[PDB]
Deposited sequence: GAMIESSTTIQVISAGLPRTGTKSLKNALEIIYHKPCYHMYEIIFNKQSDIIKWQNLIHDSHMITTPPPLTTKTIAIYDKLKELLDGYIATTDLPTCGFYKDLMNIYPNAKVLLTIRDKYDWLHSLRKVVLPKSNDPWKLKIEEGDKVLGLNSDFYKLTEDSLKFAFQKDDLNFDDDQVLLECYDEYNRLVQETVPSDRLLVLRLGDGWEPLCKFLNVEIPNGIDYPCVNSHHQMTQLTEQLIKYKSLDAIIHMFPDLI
C-alpha cells in the first residue's frame, strides 16, 4: 500500500482489561503507527511522574457527567494532556475511561481484548493482583522497588480497576468478585460501543482483523507480538531481585 501521513493523536482506544494481551497490542500498534501507545508500562518505564496525575484524575472522575458539563471538561482536559503525543491507549489506568476517551477523540476506534475468564484470573493473580497471603506477592513487591515503584503504584492499579469496574470498593482477594466484574465489564463495553466502532479481539487473532479494522496493511515480515506472559514476568521479577537494577538486565528483555 501507499504510505500516508498519520495524525499523532489517539486513533485507537483499547478497552481491554489487564492480562488480555494489552502489551502485545501496544507493541502491535507501535509497529503500525510508528508513534507511542500508552500502557501501564509507559508509566513504569517512561512516565512515573504520571502516577499522581492519574490518581488525581481518578479521584475527580466521579464528577464526570456522561455527555458536556463544566467539571467534565476539566477532567477531559487533563486526560488529553496525559495522552498528548500518543496514538493509542491500552491497559490500566486508561481502559476504564473508554467511554470518555470516545468523546474526547470522536474519530478514534475502539478495541476490546478478551480471553477465557479463568486464564485471565490466573494471569492476573501471577502479575497484577496476587492474593494477600500469596508468598509471591512479596517477590513482586521486591522487584517493583527496584523499578522505583512504591505503594502509590499499587494504589493506582487498585483505583483504576475499581474505576473500570465501577465499584466504590472491591474485595481484591475474592476470585468470584473479580470474575463477575470481568464478565460484566466485557459485556458492558459491547453494549456501550456502537458495533461499527468496535473490534473484539481474542488472544491469537493476530494481525488480520486488527489491520482490516484500521485500514492498514499487515506489517511485512513482522509476526504479531506475543509478549508479557506471566512466565516472562516471573523471570523479570526474579532478575530484578537478583541484579537490583533494570539497566543490568534490560538486554535480556527485548521488546519490553
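Gaps without C-alpha coordinates occur at 68-69, 259, with positions taken along the deposited sequence from 1.
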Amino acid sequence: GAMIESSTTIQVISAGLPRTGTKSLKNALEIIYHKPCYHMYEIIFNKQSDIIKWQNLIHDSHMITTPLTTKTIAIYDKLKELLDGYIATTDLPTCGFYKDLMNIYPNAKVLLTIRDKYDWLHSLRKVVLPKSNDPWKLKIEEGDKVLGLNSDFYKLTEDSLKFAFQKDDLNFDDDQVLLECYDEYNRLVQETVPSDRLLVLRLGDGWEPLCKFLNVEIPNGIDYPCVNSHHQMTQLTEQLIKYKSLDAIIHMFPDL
From here on, numbers count along this sequence of modelled residues.
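In this entry, 160-168 shows the higher mean Cα temperature factor of the pair 115-123 and 160-168. Across the two stretches, 72-80 and 93-101, the PDB entry reports the greater mean Cα temperature factor for 72-80. Between the residues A15, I10, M233, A248, the entry's highest C-alpha temperature factor is the one at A248. By the numbers in the PDB entry, the CA B factor is greatest at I222 among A28, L214, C37, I222. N150 sits in the highest third of its chain by CA B factor, as recorded in the PDB entry. In the deposited entry, the Cα temperature factor of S132 sits in the top third of values across the chain's modelled residues. In this PDB entry, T192 carries a Cα temperature factor that places it within the highest third of its chain's modelled residues.
Per the PDB record, residue ranking by Cα B-factor puts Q55 in the middle third of the chain.
When the CA B factors of the chain's modelled residues are split into thirds, the value for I64 lands in the highest one.
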